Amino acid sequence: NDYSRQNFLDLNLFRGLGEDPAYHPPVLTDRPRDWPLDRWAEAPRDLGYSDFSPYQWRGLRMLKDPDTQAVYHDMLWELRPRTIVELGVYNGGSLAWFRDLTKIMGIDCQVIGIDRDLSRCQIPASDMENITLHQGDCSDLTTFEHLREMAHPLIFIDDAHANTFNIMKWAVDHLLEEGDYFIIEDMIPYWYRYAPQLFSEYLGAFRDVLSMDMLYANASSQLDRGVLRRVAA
């Protein structure tokens, strides 16, 4: 009866994130790491550990999978953006990744992390060149005014998914010049499954300003149908 004295957490705290913001190399349970080559044909063919979010960049966790990394790579190489914003930080491995990548492409880029809870960031202070954190609430649209200094072209990425359509209208009006991206990750397929009528009306409300970039918008499951930018249709 271990339950009778336990206080249990709401496991929803870990929705789509996992339990620990820091990376740990996967650990084999039902097999040796070194398999005998004389019994090579008998060796189990499955992954060996959970395939939920096993990705990393330099000892930091990555919530963007390799297919998403390939898309953002092409997008960065093409646009050569001076600014990449990120609503939703979590552990910050995405922030660091964008920074490292741009550095090697020779793009002078500023990466910006806005979140209401920056406590879980895992980047060391001694590895923060061209990265800026920003405490803020999504619901509050005035969180976003103070990033009207940054240069163009610009990529705005929504990994937070709250008050998102109001944030999209705020950006369109006050932020995005021609060519800039507004990308919503993960959620467009769910909103459209759960709310076809309202979703189509809201998305279509931006028919005069944004468009879906078809070169990138079907190239990874995380970005599926959610990559937009300020360009004429």
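Don't overthink the numbering: it's just position in the shown sequence, from 1.
Between the stretches 27-35 and 187-195, it is 27-35 that shows the larger average CA temperature factor. Just going by the entry, 44-52 versus 202-210 on mean CA temperature factor gives the higher value to 44-52. Within the selection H161, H146, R80, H73, the deposited Cα B-factor values reach their highest point at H146.
Across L95, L141, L101, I155, the entry's maximum B-factor at the CA atom is seen for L141. Looking at the C-alpha B-factors along this chain, the one for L215 belongs to the lowest third. Among the modelled residues of the chain, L11 sits in the middle third by CA temperature factor in this PDB entry. For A22, the recorded CA B-factor ranks within the highest third of the chain. Only modelled residues enter the ranking.
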